[PDB]
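Participant: Here you go, this is input_5.cif (mmCIF, C-alpha atoms).
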```
data_upload
#
loop_
_atom_site.label_atom_id
_atom_site.label_comp_id
_atom_site.auth_asym_id
_atom_site.auth_seq_id
_atom_site.Cartn_x
_atom_site.Cartn_y
_atom_site.Cartn_z
CA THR A 556 -128.37 -17.53 228.38
CA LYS A 557 -126.21 -14.51 227.81
CA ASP A 558 -122.53 -14.92 226.91
CA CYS A 559 -122.71 -18.65 227.67
CA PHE A 560 -119.54 -20.73 227.97
CA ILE A 561 -119.65 -23.99 226.03
CA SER A 562 -116.66 -26.17 225.25
CA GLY A 563 -116.05 -29.49 223.52
CA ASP A 564 -114.05 -31.35 220.88
CA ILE A 565 -115.95 -29.57 218.14
CA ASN A 566 -114.85 -27.29 215.29
CA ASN A 567 -114.99 -23.72 216.52
CA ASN A 568 -117.46 -22.54 213.88
CA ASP A 569 -120.11 -25.00 215.08
CA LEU A 570 -119.31 -24.34 218.73
CA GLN A 571 -119.90 -20.62 218.14
CA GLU A 572 -123.22 -21.42 216.47
CA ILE A 573 -124.29 -23.56 219.45
CA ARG A 574 -123.48 -20.73 221.88
CA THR A 575 -125.58 -18.35 219.74
CA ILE A 576 -128.52 -20.76 219.89
CA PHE A 577 -128.60 -20.77 223.70
CA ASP A 578 -127.92 -17.02 223.90
CA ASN A 579 -131.01 -16.59 221.68
CA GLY A 580 -133.19 -18.95 223.69
CA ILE A 581 -134.33 -22.48 222.86
CA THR A 582 -136.88 -24.98 224.11
CA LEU A 583 -135.53 -28.48 224.66
CA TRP A 584 -138.29 -31.08 224.29
CA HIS A 585 -138.07 -34.34 226.24
CA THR A 586 -141.27 -35.77 224.79
CA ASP A 587 -142.37 -36.52 221.24
CA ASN A 588 -145.38 -34.16 221.30
CA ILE A 589 -143.25 -31.15 220.56
CA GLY A 590 -145.20 -27.93 220.81
CA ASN A 591 -148.01 -29.26 223.00
CA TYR A 592 -147.95 -26.76 225.85
CA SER A 593 -151.14 -28.05 227.50
CA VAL A 594 -149.12 -30.60 229.51
CA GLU A 595 -148.28 -29.95 233.18
CA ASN A 596 -144.49 -30.18 232.68
CA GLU A 597 -143.85 -31.06 236.33
CA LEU A 598 -140.39 -31.48 237.87
CA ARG A 599 -138.62 -34.66 236.78
CA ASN B 506 -121.89 19.67 275.74
CA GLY B 507 -120.06 22.68 274.31
CA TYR B 508 -122.31 23.68 271.39
CA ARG B 509 -122.42 27.46 270.85
CA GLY B 510 -121.98 29.81 267.89
CA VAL B 511 -121.50 28.65 264.31
CA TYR B 512 -119.58 25.76 262.75
CA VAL B 513 -117.85 25.40 259.38
CA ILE B 514 -117.81 21.82 258.14
CA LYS B 515 -115.82 21.07 254.98
CA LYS B 516 -116.73 17.95 253.02
CA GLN B 517 -115.24 16.13 250.03
CA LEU B 518 -115.89 13.00 247.94
CA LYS B 519 -114.44 9.65 249.06
CA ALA B 520 -110.99 8.43 247.90
CA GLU B 521 -112.52 5.74 245.65
CA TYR B 522 -114.32 8.39 243.61
CA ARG B 523 -111.47 10.89 243.76
CA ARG B 524 -109.27 8.21 242.12
CA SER B 525 -111.95 7.40 239.53
CA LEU B 526 -112.64 10.99 238.54
CA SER B 527 -109.11 12.38 238.78
CA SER B 528 -107.78 9.65 236.46
CA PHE B 529 -110.57 10.34 233.98
CA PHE B 530 -109.97 14.14 233.88
CA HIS B 531 -106.24 13.55 233.62
CA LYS B 532 -106.66 11.64 230.40
CA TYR B 533 -109.67 13.39 228.86
CA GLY B 534 -109.73 16.93 230.29
CA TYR B 535 -113.06 18.57 231.26
CA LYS B 536 -116.43 19.00 229.56
CA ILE B 537 -116.28 22.48 228.01
CA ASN B 538 -119.43 23.20 225.92
CA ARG B 539 -118.00 26.45 224.50
CA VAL B 540 -117.61 27.62 220.95
CA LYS B 541 -113.95 28.70 220.83
CA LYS B 542 -110.61 27.85 219.22
CA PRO B 543 -109.39 24.49 220.63
CA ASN B 544 -106.56 24.07 223.17
CA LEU B 545 -104.06 22.17 220.99
CA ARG B 546 -100.74 22.69 222.74
CA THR B 547 -101.30 24.10 226.22
CA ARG B 548 -100.07 21.23 228.37
CA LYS B 549 -96.55 19.88 228.76
CA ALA B 550 -97.11 16.29 227.59
CA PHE B 551 -100.47 15.93 225.81
CA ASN B 552 -103.76 17.61 224.95
CA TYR B 553 -107.05 15.79 224.47
CA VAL B 554 -109.31 17.53 221.97
CA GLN B 555 -112.84 16.67 220.99
CA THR B 556 -115.11 18.96 219.00
CA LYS B 557 -118.50 18.88 217.37
CA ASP B 558 -119.02 20.45 213.91
CA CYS B 559 -115.56 22.03 214.06
CA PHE B 560 -114.52 24.67 211.53
CA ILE B 561 -111.15 24.06 209.88
CA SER B 562 -109.87 25.82 206.75
CA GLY B 563 -106.61 25.86 204.82
CA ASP B 564 -105.03 25.64 201.38
CA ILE B 565 -105.86 21.92 201.43
CA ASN B 566 -107.94 19.70 199.12
CA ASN B 567 -111.45 19.45 200.51
CA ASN B 568 -111.42 15.65 200.85
CA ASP B 569 -108.48 15.79 203.30
CA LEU B 570 -109.91 18.84 205.05
CA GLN B 571 -113.15 16.90 205.64
CA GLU B 572 -111.11 14.00 207.02
CA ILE B 573 -109.24 16.26 209.44
CA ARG B 574 -112.51 17.76 210.71
CA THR B 575 -113.81 14.22 211.34
CA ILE B 576 -110.71 13.35 213.37
CA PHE B 577 -111.26 16.21 215.81
CA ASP B 578 -115.04 15.62 215.98
CA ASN B 579 -114.24 12.04 217.03
CA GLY B 580 -111.60 13.06 219.58
CA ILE B 581 -107.80 12.80 219.49
CA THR B 582 -104.88 13.13 221.86
CA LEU B 583 -102.04 15.35 220.64
CA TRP B 584 -98.70 14.28 222.15
CA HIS B 585 -96.03 16.95 222.71
CA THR B 586 -93.46 14.50 224.05
CA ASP B 587 -91.77 11.45 222.58
CA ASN B 588 -93.12 9.27 225.41
CA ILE B 589 -96.43 8.67 223.66
CA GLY B 590 -98.98 6.84 225.75
CA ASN B 591 -97.28 7.43 229.11
CA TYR B 592 -100.08 8.88 231.20
CA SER B 593 -98.04 8.77 234.42
CA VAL B 594 -96.68 12.28 233.79
CA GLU B 595 -98.12 15.33 235.53
CA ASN B 596 -98.92 17.05 232.22
CA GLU B 597 -98.85 20.49 233.84
CA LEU B 598 -99.73 23.74 232.07
CA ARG B 599 -97.16 24.89 229.51
CA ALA C 2 -94.32 -6.06 212.65
CA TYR C 3 -96.07 -7.93 209.81
CA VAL C 4 -96.96 -11.63 209.80
CA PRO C 5 -94.70 -13.52 207.32
CA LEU C 6 -95.92 -15.33 204.18
CA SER C 7 -93.89 -18.47 204.81
CA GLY C 8 -93.27 -20.73 207.77
CA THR C 9 -90.79 -23.20 209.19
CA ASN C 10 -91.11 -25.89 211.85
CA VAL C 11 -94.83 -25.84 211.20
CA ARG C 12 -97.13 -27.83 213.48
CA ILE C 13 -100.84 -28.47 213.20
CA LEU C 14 -102.27 -29.14 216.65
CA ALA C 15 -105.39 -30.73 218.10
CA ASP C 16 -107.24 -29.74 221.27
CA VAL C 17 -106.63 -26.00 221.48
CA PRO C 18 -109.69 -24.81 223.47
CA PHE C 19 -110.15 -21.20 222.39
CA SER C 20 -111.54 -19.53 219.30
CA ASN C 21 -111.49 -16.52 217.05
CA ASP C 22 -114.38 -14.92 218.93
CA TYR C 23 -111.64 -14.03 221.46
CA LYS C 24 -113.81 -14.21 224.63
CA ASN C 25 -111.29 -16.53 226.30
CA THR C 26 -107.60 -17.25 226.01
CA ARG C 27 -104.79 -18.92 227.93
CA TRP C 28 -102.54 -16.19 229.27
CA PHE C 29 -98.82 -16.84 229.82
CA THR C 30 -95.99 -15.19 231.79
CA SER C 31 -93.34 -15.76 229.11
CA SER C 32 -92.96 -16.81 225.49
CA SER C 33 -91.17 -19.94 226.69
CA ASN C 34 -94.07 -20.83 229.00
CA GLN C 35 -96.34 -20.15 226.03
CA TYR C 36 -94.32 -22.48 223.77
CA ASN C 37 -94.24 -25.27 226.34
CA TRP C 38 -98.03 -25.24 226.62
CA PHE C 39 -98.54 -25.49 222.85
CA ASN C 40 -95.74 -28.04 222.55
CA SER C 41 -97.71 -30.34 224.85
CA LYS C 42 -100.60 -30.56 222.38
CA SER C 43 -100.99 -33.59 220.10
CA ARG C 44 -99.55 -32.93 216.66
CA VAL C 45 -101.84 -33.82 213.78
CA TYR C 46 -99.06 -33.01 211.32
CA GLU C 47 -95.70 -31.26 210.89
CA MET C 48 -93.79 -29.68 208.02
CA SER C 49 -90.25 -28.28 208.06
CA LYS C 50 -91.08 -25.66 205.41
CA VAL C 51 -94.17 -24.20 203.75
CA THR C 52 -95.33 -21.16 201.78
CA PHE C 53 -98.74 -19.75 202.70
CA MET C 54 -101.50 -18.95 200.20
CA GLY C 55 -104.35 -16.46 200.17
CA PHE C 56 -102.95 -13.57 202.23
CA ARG C 57 -104.21 -10.89 199.79
CA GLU C 58 -107.89 -11.88 199.80
CA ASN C 59 -107.32 -12.23 203.55
CA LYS C 60 -108.24 -15.91 203.70
CA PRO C 61 -104.81 -17.49 204.34
CA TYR C 62 -104.29 -21.24 204.06
CA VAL C 63 -101.54 -23.84 203.75
CA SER C 64 -101.27 -26.81 201.42
CA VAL C 65 -100.96 -30.00 203.44
CA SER C 66 -99.94 -33.31 201.86
CA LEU C 67 -102.48 -35.41 203.74
CA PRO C 68 -105.91 -36.86 202.94
CA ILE C 69 -108.59 -34.68 204.54
CA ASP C 70 -109.66 -37.44 206.95
CA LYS C 71 -106.27 -37.30 208.69
CA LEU C 72 -107.00 -33.64 209.58
CA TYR C 73 -110.51 -33.82 211.06
CA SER C 74 -109.14 -33.04 214.55
CA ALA C 75 -107.01 -30.05 213.49
CA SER C 76 -107.68 -26.97 215.62
CA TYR C 77 -104.56 -24.78 215.68
CA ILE C 78 -101.28 -24.01 213.87
CA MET C 79 -97.89 -22.72 215.00
CA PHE C 80 -94.85 -21.83 212.92
CA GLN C 81 -91.60 -19.94 212.90
CA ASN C 82 -90.15 -17.88 210.06
CA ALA C 83 -86.60 -17.61 208.71
CA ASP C 84 -86.62 -13.84 209.20
CA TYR C 85 -88.23 -13.70 212.66
CA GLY C 86 -85.64 -15.79 214.48
CA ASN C 87 -86.98 -17.72 217.44
CA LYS C 88 -90.47 -16.18 217.23
CA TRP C 89 -93.52 -18.42 217.11
CA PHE C 90 -96.64 -17.39 215.22
CA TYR C 91 -99.99 -18.81 216.30
CA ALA C 92 -103.22 -19.30 214.36
CA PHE C 93 -106.68 -20.85 214.57
CA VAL C 94 -107.55 -23.53 212.03
CA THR C 95 -110.86 -22.35 210.58
CA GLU C 96 -111.61 -24.69 207.70
CA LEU C 97 -110.54 -27.81 205.81
CA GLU C 98 -110.86 -27.83 202.04
CA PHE C 99 -110.56 -30.85 199.79
CA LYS C 100 -108.33 -30.13 196.81
CA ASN C 101 -107.56 -33.73 195.81
CA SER C 102 -107.24 -37.16 197.49
CA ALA C 103 -103.73 -36.60 198.86
CA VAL C 104 -103.80 -32.81 199.34
CA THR C 105 -105.80 -30.67 201.77
CA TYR C 106 -106.12 -26.91 202.08
CA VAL C 107 -106.02 -25.96 205.74
CA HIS C 108 -107.47 -22.50 206.28
CA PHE C 109 -106.27 -20.49 209.25
CA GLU C 110 -106.55 -17.11 210.95
CA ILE C 111 -103.67 -15.55 212.88
CA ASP C 112 -104.41 -15.54 216.62
CA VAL C 113 -103.43 -11.95 217.28
CA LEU C 114 -103.52 -12.39 221.06
CA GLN C 115 -101.23 -15.41 221.21
CA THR C 116 -98.99 -14.16 218.44
CA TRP C 117 -98.39 -10.69 219.89
CA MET C 118 -98.89 -11.50 223.58
CA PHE C 119 -95.46 -10.25 224.70
CA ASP C 120 -95.16 -7.46 222.17
CA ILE C 121 -98.09 -5.39 223.41
CA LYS C 122 -97.81 -2.64 226.01
CA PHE C 123 -100.96 -1.56 227.82
CA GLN C 124 -101.05 2.06 228.87
CA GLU C 125 -103.60 3.63 231.18
CA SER C 126 -107.04 2.81 229.82
CA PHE C 127 -110.62 3.29 230.94
CA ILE C 128 -111.47 0.07 232.80
CA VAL C 129 -115.14 -0.92 232.70
CA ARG C 130 -114.77 -4.20 234.64
CA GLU C 131 -111.91 -6.16 236.14
CA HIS C 132 -111.12 -8.48 239.05
CA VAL C 133 -109.74 -6.56 242.01
CA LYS C 134 -108.23 -7.24 245.45
CA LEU C 135 -111.07 -8.38 247.72
CA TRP C 136 -109.58 -8.35 251.24
CA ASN C 137 -107.04 -6.32 253.17
CA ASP C 138 -104.26 -8.09 255.07
CA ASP C 139 -106.19 -7.71 258.34
CA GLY C 140 -109.09 -9.57 256.74
CA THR C 141 -111.34 -6.56 256.25
CA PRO C 142 -113.13 -6.00 252.93
CA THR C 143 -111.65 -3.54 250.48
CA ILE C 144 -113.95 -0.62 249.65
CA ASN C 145 -115.65 -1.09 246.26
CA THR C 146 -118.93 0.75 245.98
CA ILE C 147 -119.40 1.68 242.32
CA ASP C 148 -123.10 1.22 241.55
CA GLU C 149 -123.45 -2.13 239.75
CA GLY C 150 -127.05 -1.42 238.79
CA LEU C 151 -128.02 -4.99 239.67
CA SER C 152 -131.11 -5.93 241.71
CA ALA D 2 -114.05 -32.02 215.24
CA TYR D 3 -114.89 -31.17 211.64
CA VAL D 4 -117.87 -32.54 209.72
CA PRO D 5 -116.62 -34.98 207.01
CA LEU D 6 -117.19 -34.44 203.25
CA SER D 7 -118.43 -37.96 202.56
CA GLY D 8 -121.00 -40.20 204.18
CA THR D 9 -121.95 -43.84 204.66
CA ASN D 10 -125.21 -45.47 205.71
CA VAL D 11 -127.00 -42.31 204.54
CA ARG D 12 -130.71 -41.92 205.25
CA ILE D 13 -133.02 -39.14 204.14
CA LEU D 14 -135.95 -38.96 206.54
CA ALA D 15 -139.47 -37.56 206.49
CA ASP D 16 -141.36 -35.96 209.40
CA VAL D 17 -138.61 -34.42 211.55
CA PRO D 18 -140.44 -31.56 213.35
CA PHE D 19 -137.76 -28.97 214.08
CA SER D 20 -135.91 -26.45 211.95
CA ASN D 21 -132.75 -24.46 211.43
CA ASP D 22 -134.19 -21.49 213.31
CA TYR D 23 -133.20 -23.57 216.36
CA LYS D 24 -136.04 -22.38 218.63
CA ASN D 25 -137.01 -25.99 219.38
CA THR D 26 -135.32 -29.34 219.40
CA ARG D 27 -135.80 -32.88 220.71
CA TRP D 28 -133.34 -33.44 223.55
CA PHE D 29 -131.97 -36.94 224.33
CA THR D 30 -130.26 -38.67 227.27
CA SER D 31 -127.80 -40.72 225.15
CA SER D 32 -126.46 -40.98 221.60
CA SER D 33 -128.12 -44.39 221.47
CA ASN D 34 -131.52 -42.94 222.41
CA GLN D 35 -130.95 -40.25 219.81
CA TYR D 36 -130.08 -42.78 217.14
CA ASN D 37 -133.13 -44.89 217.97
CA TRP D 38 -135.44 -41.89 217.65
CA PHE D 39 -134.14 -40.92 214.21
CA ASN D 40 -133.98 -44.56 213.12
CA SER D 41 -137.72 -44.90 213.77
CA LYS D 42 -138.53 -42.11 211.29
CA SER D 43 -139.85 -43.02 207.84
CA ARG D 44 -137.06 -43.14 205.24
CA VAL D 45 -137.47 -41.27 201.94
CA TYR D 46 -134.19 -42.73 200.69
CA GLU D 47 -131.07 -44.66 201.68
CA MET D 48 -127.50 -44.85 200.35
CA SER D 49 -124.58 -46.95 201.57
CA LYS D 50 -122.02 -44.44 200.31
CA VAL D 51 -122.11 -40.79 199.17
CA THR D 52 -119.80 -37.83 198.52
CA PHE D 53 -121.00 -34.37 199.54
CA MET D 54 -120.86 -31.30 197.30
CA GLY D 55 -120.87 -27.58 198.06
CA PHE D 56 -119.03 -27.76 201.41
CA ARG D 57 -116.82 -25.26 199.59
CA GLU D 58 -119.37 -22.43 199.29
CA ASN D 59 -121.18 -23.45 202.48
CA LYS D 60 -124.15 -24.64 200.41
CA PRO D 61 -123.84 -28.40 201.02
CA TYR D 62 -125.88 -30.81 198.97
CA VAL D 63 -125.96 -34.43 197.90
CA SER D 64 -126.82 -35.95 194.54
CA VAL D 65 -129.75 -38.32 194.90
CA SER D 66 -130.79 -40.76 192.18
CA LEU D 67 -134.53 -40.26 192.60
CA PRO D 68 -137.19 -38.32 190.73
CA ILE D 69 -137.93 -35.15 192.67
CA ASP D 70 -141.53 -36.20 193.35
CA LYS D 71 -140.35 -39.11 195.52
CA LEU D 72 -138.50 -36.56 197.69
CA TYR D 73 -141.23 -33.95 198.31
CA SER D 74 -141.49 -35.14 201.92
CA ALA D 75 -137.74 -34.99 202.64
CA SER D 76 -136.98 -33.13 205.84
CA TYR D 77 -133.79 -34.50 207.38
CA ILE D 78 -130.57 -36.45 206.70
CA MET D 79 -128.39 -38.64 208.93
CA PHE D 80 -125.09 -40.27 207.94
CA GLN D 81 -121.97 -41.91 209.31
CA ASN D 82 -118.38 -41.64 208.11
CA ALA D 83 -115.58 -44.21 207.77
CA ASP D 84 -113.18 -42.15 209.94
CA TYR D 85 -115.62 -41.21 212.70
CA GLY D 86 -116.40 -44.77 213.72
CA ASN D 87 -119.93 -45.13 215.07
CA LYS D 88 -120.77 -41.41 215.09
CA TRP D 89 -123.97 -40.14 213.48
CA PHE D 90 -124.13 -36.75 211.77
CA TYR D 91 -127.49 -34.98 211.45
CA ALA D 92 -128.69 -32.31 209.02
CA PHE D 93 -131.77 -30.34 208.00
CA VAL D 94 -132.93 -30.76 204.41
CA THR D 95 -133.38 -27.18 203.22
CA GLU D 96 -134.13 -27.44 199.51
CA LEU D 97 -134.80 -29.73 196.57
CA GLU D 98 -133.22 -28.95 193.21
CA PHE D 99 -133.97 -30.54 189.83
CA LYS D 100 -130.90 -31.92 188.03
CA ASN D 101 -132.61 -34.19 185.52
#
```
Rewrite the structure of this file - the entire thing - as structure tokens.
Facilitator:
Amino acid sequence: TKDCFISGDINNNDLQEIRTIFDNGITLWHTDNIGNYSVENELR
Amino acid sequence: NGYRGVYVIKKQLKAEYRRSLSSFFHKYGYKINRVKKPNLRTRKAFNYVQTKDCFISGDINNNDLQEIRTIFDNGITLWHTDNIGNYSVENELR
Amino acid sequence: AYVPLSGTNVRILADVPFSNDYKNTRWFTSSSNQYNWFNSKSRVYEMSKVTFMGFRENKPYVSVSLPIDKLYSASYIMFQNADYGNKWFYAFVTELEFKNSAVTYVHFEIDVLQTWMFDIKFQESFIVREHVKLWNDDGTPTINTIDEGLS
Amino acid sequence: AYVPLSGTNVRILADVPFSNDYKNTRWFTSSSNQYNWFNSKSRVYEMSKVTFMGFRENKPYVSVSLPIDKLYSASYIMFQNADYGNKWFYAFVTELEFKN
């Protein structure tokens, strides 16, 4: 993202860190073989 | 269809851009690119001044003199009226 | 002009949804409307009087006579001052610090937007972006053509 | 909203494959699914109660009554807190330090 908006009942320091994470780019893994890019990764 | 002789067609920028540019010049004057003494007090309400590598002397300690030169190299508005910040005025030539 | 070193009618609030990155804030039409909004927030704690600590090393905090676990939901502080009359000062809670079992240091940072909201005067400024009128009364689009540089 | 300074049901885990550079993480559909995933990790150590140190200088750490060699595989910590009810808190292990 860029300049993402994220809210929640969370101390503002951590909330700011979470926004930085997504503004920097992150891969969210839904499987346990994290890092294995050989999979098809089709739509869910 | 009535076309003979020569025609004079006068053209000007649209109102949107006239507003944009006029408001900008009002506040910040024009690009000058001249080596000269600065216009400090030539308008009625305020003068914007921005230099590069300006020369300023005086019977002044050199630390403060260096600070003053930095101020003008960074740009400053000199207000000649007590209504500081009010850009609504015409600010005509003095 | 300067933020006081002591407060009265102090309230620590929960659930104030903006932060000291100042990318968002709740804007108000009056100081009374502002007060009413903050007054509607749950109060984690109140004190009639307190003296602030840490202003010099610019990390202000207040001593709160509560165990730290009673303050886990603290997010904001508001206070008045004997010498500022009716004026409310507003601040983010930024940190909780254990001093002992019954005492907690609550660190805060003055919210300069909320605190000075009705004291500032904008003069003519170079506007990069803003929200403008979209339609004329006859339903035609207003003319806005400045090159956005977007595909 | 704030992370507590003490923990209960503390577990130090081995083999958690993401880091504090936050370029990758395992995403979950529920807090229960999340808990189950972490609970299935091998435990290097457990404690029913602990008080955290260093929250002050933002260098948090916990005192662990184990020889350092039993902790060489430590990678992650999870803990609950008396005042947060059922909530689990999660943390990267970033360093081991000899005390005695």
Participant: Give as a PyMOL selection string the residues that the PyMOL selection byres ((chain C and resi 53-55) around 9) matches when applied to the coordinates above.
Facilitator: chain C and resi 5-8+51-52+56-64
Participant: Go through chain C residue by residue and, counting all atoms listed in the file, keep those with an atom at most 10 Å from chain A; for each kept residue give the shortest atom pair and its distance in Å to one decimal, ordered by chain and increasing number, as CSV.
Facilitator:
```
residue,atom,partner,partner_atom,distance
C:15,CA,A:564,CA,9.1
C:16,CA,A:564,CA,7.0
C:17,CA,A:564,CA,9.2
C:18,CA,A:562,CA,7.3
C:19,CA,A:567,CA,8.0
C:20,CA,A:567,CA,6.1
C:21,CA,A:567,CA,8.0
C:22,CA,A:571,CA,8.0
C:24,CA,A:558,CA,9.0
C:25,CA,A:560,CA,9.4
C:73,CA,A:566,CA,8.9
C:74,CA,A:566,CA,8.1
C:75,CA,A:566,CA,8.5
C:76,CA,A:566,CA,7.2
C:93,CA,A:567,CA,9.0
C:94,CA,A:567,CA,8.7
C:95,CA,A:567,CA,7.4
C:96,CA,A:566,CA,8.7
```
Participant: So how many Å separate CA of residue 95 (chain D) and CA of residue 62 (chain D), to one decimal?
Facilitator: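 Value for the CA of residue 95 (chain D)-CA of residue 62 (chain D) distance: 9.4 Å.
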Participant: Just how far from CA of residue 73 (chain D) is CA of residue 569 (chain A), in Å to one decimal?
Facilitator: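 Answer for the CA of residue 569 (chain A) to CA of residue 73 (chain D) separation: 28.4 Å.
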Participant: Please list as a list in words every residue within 7 Å of residue 7 (chain D), counting all atoms listed in the file and excluding residues in the same chain fewer than 2 positions away.
Facilitator: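 My reading of the contact set: residues 5, 51, 52, 53 and 82 of chain D.
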Participant: Residues within 12 Å of residue 522 (chain B), please, as a list in words. Count all atoms listed in the file; anything in the same chain fewer than 4 positions from it doesn't count.
Facilitator: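 The residues that qualify are residues 517, 518, 526, 527, 528 and 529 of chain B; 144, 145, 146, 147 and 148 of chain C.
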Participant: Check which residues of chain A sit at most 8 Å from chain D using all atoms listed in the file, and return one row each with the closest pair of atoms and their distance in Å to one decimal, ordered by chain and rising number, as CSV.
Facilitator:
```
residue,atom,partner,partner_atom,distance
A:564,CA,D:2,CA,5.7
A:565,CA,D:2,CA,4.2
A:566,CA,D:2,CA,4.8
A:576,CA,D:23,CA,6.5
A:580,CA,D:24,CA,6.7
A:581,CA,D:24,CA,4.6
A:582,CA,D:25,CA,4.8
A:583,CA,D:26,CA,5.3
A:584,CA,D:27,CA,4.7
A:585,CA,D:28,CA,5.5
A:586,CA,D:27,CA,7.4
A:587,CA,D:27,CA,7.5
A:589,CA,D:27,CA,7.6
```
Participant: Record the distance separating CA of residue 17 (chain D) and CA of residue 94 (chain D), expressed in Å with one decimal.
Facilitator: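 Atom-to-atom, CA of residue 17 (chain D) to CA of residue 94 (chain D), that is 9.8 Å.
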Participant: For residue 113 (chain C), list every protein, DNA or RNA residue within 12 Å, evaluated using all atoms listed in the file, and leave out those in the same chain fewer than 5 positions away; present the list as a PyMOL selection string.
Facilitator: chain C and resi 2-4+20-23+26+89-93+118-121
Participant: Output C-alpha atoms for every residue in that selection, as an mmCIF file, keeping the file's coordinate frame.
Facilitator:
```cif
data_model
loop_
_atom_site.group_PDB
_atom_site.id
_atom_site.type_symbol
_atom_site.label_atom_id
_atom_site.label_comp_id
_atom_site.auth_asym_id
_atom_site.auth_seq_id
_atom_site.Cartn_x
_atom_site.Cartn_y
_atom_site.Cartn_z
ATOM 1 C CA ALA C 2 -94.320 -6.060 212.650
ATOM 2 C CA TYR C 3 -96.070 -7.930 209.810
ATOM 3 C CA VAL C 4 -96.960 -11.630 209.800
ATOM 4 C CA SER C 20 -111.540 -19.530 219.300
ATOM 5 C CA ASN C 21 -111.490 -16.520 217.050
ATOM 6 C CA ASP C 22 -114.380 -14.920 218.930
ATOM 7 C CA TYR C 23 -111.640 -14.030 221.460
ATOM 8 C CA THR C 26 -107.600 -17.250 226.010
ATOM 9 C CA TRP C 89 -93.520 -18.420 217.110
ATOM 10 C CA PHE C 90 -96.640 -17.390 215.220
ATOM 11 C CA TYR C 91 -99.990 -18.810 216.300
ATOM 12 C CA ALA C 92 -103.220 -19.300 214.360
ATOM 13 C CA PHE C 93 -106.680 -20.850 214.570
ATOM 14 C CA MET C 118 -98.890 -11.500 223.580
ATOM 15 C CA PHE C 119 -95.460 -10.250 224.700
ATOM 16 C CA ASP C 120 -95.160 -7.460 222.170
ATOM 17 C CA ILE C 121 -98.090 -5.390 223.410
#
```
Participant: For residue 133 (chain C), please output as a PyMOL selection string all residues within 10 Å (counting all atoms listed in the file; exclusion window: fewer than 2 positions along the same chain).
Facilitator: chain C and resi 130-131+135-136+143+145
Participant: Please evaluate the PyMOL selection byres ((chain B) within 8 of (chain C)) against the structure above and give the resulting residues as JSON, numbers by chain.
Facilitator: {"B": [521, 529, 590, 591, 592]}
Participant: Using the chain letters and residue numbers of this document, give as a list in words the residues selected by the PyMOL selection byres ((chain C and resi 83) around 9).
Facilitator: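 Listing what the PyMOL selection byres ((chain C and resi 83) around 9) selects in the shown file: residues 7, 8, 9, 81, 82, 84, 85, 86 and 87 of chain C.
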Participant: Mind writing the picked residues with C-alpha atoms as a short mmCIF file (atom, residue, chain, number, x, y, z; two decimals), in the coordinates of the input?
Facilitator:
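Once everything was written out, this is out.cif:
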```cif
data_model
loop_
_atom_site.label_atom_id
_atom_site.label_comp_id
_atom_site.auth_asym_id
_atom_site.auth_seq_id
_atom_site.Cartn_x
_atom_site.Cartn_y
_atom_site.Cartn_z
CA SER C 7 -93.89 -18.47 204.81
CA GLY C 8 -93.27 -20.73 207.77
CA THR C 9 -90.79 -23.20 209.19
CA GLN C 81 -91.60 -19.94 212.90
CA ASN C 82 -90.15 -17.88 210.06
CA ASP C 84 -86.62 -13.84 209.20
CA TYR C 85 -88.23 -13.70 212.66
CA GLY C 86 -85.64 -15.79 214.48
CA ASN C 87 -86.98 -17.72 217.44
#
```
Participant: Please list as a list in words every residue within 9 Å of residue 104 (chain C), counting only C-alpha atoms and excluding residues in the same chain fewer than 4 positions away.
Facilitator: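 Once the nearby chain positions are removed, what remains is residues 64, 65, 66, 67, 68, 69, 99 and 100 of chain C.
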Participant: Which one of B:519, B:589, B:507, B:574 sits closest to residue 562 (chain B) if you count all atoms listed in the file?
Facilitator: B:574
Participant: Using only C-alpha atoms, find the one residue out of C:34, C:102, C:40, C:137 that sits nearest to chain D.
Facilitator: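 Nearest to chain D: C:102.
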Participant: Show me as a ChimeraX atom specification the residues that reach within 6 Å of (-128.4, -18.3, 223.5), counting only C-alpha atoms and using the file's own coordinates.
Facilitator: /A:556,574-580
Participant: In the coordinates of the file, take the point (-112.8, 19.7, 220.0) and a cut-off of 12 Å; then, counting all atoms listed in the file, name each qualifying protein, DNA or RNA residue as a PyMOL selection string.
Facilitator: chain B and resi 533-545+552-561+573-583
Participant: Using the structure just given, write a file holding C-alpha atoms for region 57-68 of chain C, as a compact mmCIF listing (two decimals), in the first residue's frame.
Facilitator:
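Produced file part_32.txt, reproduced below:
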```
# COMPACT_ATOMS: atom_id res chain seq x y z
CA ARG C 57 12.43 19.87 29.93
CA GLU C 58 13.70 16.64 28.34
CA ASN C 59 10.54 16.96 26.25
CA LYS C 60 9.05 13.65 27.37
CA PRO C 61 6.16 14.85 29.57
CA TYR C 62 4.26 12.44 31.80
CA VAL C 63 1.88 12.40 34.76
CA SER C 64 1.98 10.30 37.91
CA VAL C 65 -1.22 8.26 38.20
CA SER C 66 -2.19 6.46 41.39
CA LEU C 67 -3.38 3.29 39.68
CA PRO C 68 -1.87 -0.14 39.00
```
